[PDB]
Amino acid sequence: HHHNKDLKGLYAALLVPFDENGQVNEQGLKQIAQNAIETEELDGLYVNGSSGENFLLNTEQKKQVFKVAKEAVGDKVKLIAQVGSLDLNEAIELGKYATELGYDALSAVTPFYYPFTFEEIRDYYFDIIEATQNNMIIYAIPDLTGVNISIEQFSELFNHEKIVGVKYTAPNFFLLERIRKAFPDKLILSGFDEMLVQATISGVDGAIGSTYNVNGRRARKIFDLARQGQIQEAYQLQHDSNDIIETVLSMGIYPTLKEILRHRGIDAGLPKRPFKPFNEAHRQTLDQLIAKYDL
């Protein structure tokens, strides 16, 4: 019954603080990590994903993020390693690395940019797994990648015993339900924070999110209350969170989330160029959001 359900829970998609030269701030990274567990009371980190600006880093920076995040948390804390890269050699090297550190599972975004064939995408996942022997979590983000995965295609992927589930962000709830019903034996972690409540009643096993770095407590309440049948209160907390998410998005989500962390005393530094620093023309509105929701 609990087969493949080990990595259930709520996960922060770890944010990364940089210095003026795109270099990782290690003490700040350590702080954001500890904030996700200790303050936001979350189950795990999903490390070197979209939110950690992973795709702007060189190979050594990524390793560095994999190392500091595991150092900064206790053994009870679930850890997923996003090692997806267009460079399959890099992703294997990062895969072996993350595995040897004790990350409980790997994840990889679907290959993008090039119009890869399904067969090509499938064997990208098969090759990472072959070389690393770790469990693998599909990361489907069609809004950034342009890549869509039919139900027939998940069936082919989920047919590998080491492809354990999916970080699901397509916004389609007909698809999510088909998937949920077709593959009950597989983990589905949802990736759209602003739709947590809908994903919960669609039977997701949990969620991964950028905004759970600042709003992990409301997010837990949303997930737990919906699973309890307290729909109305879950939805009201989803209103609050959607105020939050909509505001962060209109200011540049990763810098803004990082400014919210700064305000708690964290050294959240800067985003990596070409991402721009938080624009001060947004500061007041950001402070109102913070006061109002006590972030």
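Residue indices: 1-based, along the sequence shown. For the two forms, the rigid core is made up of the largest set of C-alpha atoms that agree within 1.5 Å on superposition.
- Task: Name the stretch that deviates more in 4 other deposited structures of this protein: 5-13, or 273-281? Use RMS CA distance to the shown form, core superposed.
- Result: With the rigid core superposed, the C-alphas that lie farther in 4 other deposited structures of this protein are those of 5-13.
- Specify whether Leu144 falls into a modelling gap in a third or more of the other PDB entries of this protein. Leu144: unmodelled in a third or more of the comparison entries.
- Query: Taking the recorded C-alpha temperature factors, which stretch has the higher mean, 79-87 or 128-136?
  - Reply: According to the entry, 128-136 carries the higher average C-alpha B-factor.
- Where do the C-alpha atoms have the higher mean temperature factor in this entry, in 101-109 or in 197-205? Higher mean C-alpha B-factor in the PDB entry: 101-109.
- Message: If I read the C-alpha B-factors straight from the PDB entry, which of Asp240, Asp267, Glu53, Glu246 is highest?
- Response: Of the options given, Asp267 has the highest CA B-factor in the PDB entry.
- Item | Highest-ranked of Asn48, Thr256, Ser250, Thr39 once sorted by CA temperature factor in the record | Among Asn48, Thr256, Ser250, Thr39, the highest C-alpha B-factor in the entry belongs to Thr39.
- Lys162's Cα B-factor: lowest, middle or highest third of the chain? Top third by C-alpha B-factor.
- Lowest, middle or highest third: where is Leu29 by Cα B-factor in its chain? Highest third of the chain for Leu29's C-alpha B-factor.
- Query: Once the chain's modelled residues are ordered by C-alpha B factor and cut into thirds, is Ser150 in the lowest, middle or highest one?
  - Reply: Answer is middle: the recorded C-alpha B-factor places it there.
- Task: Could you look up the Cα B-factor of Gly216 in the entry and say which third of the chain it sits in: lowest, middle or highest?
- Result: Its C-alpha B-factor, which the entry lists for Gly216, ranks in the middle third among residues of this chain.
- Entry-reported Cα temperature factor of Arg122, expressed as the chain third it lands in: It belongs to the lowest third of the chain when residues are ordered by C-alpha B-factor.
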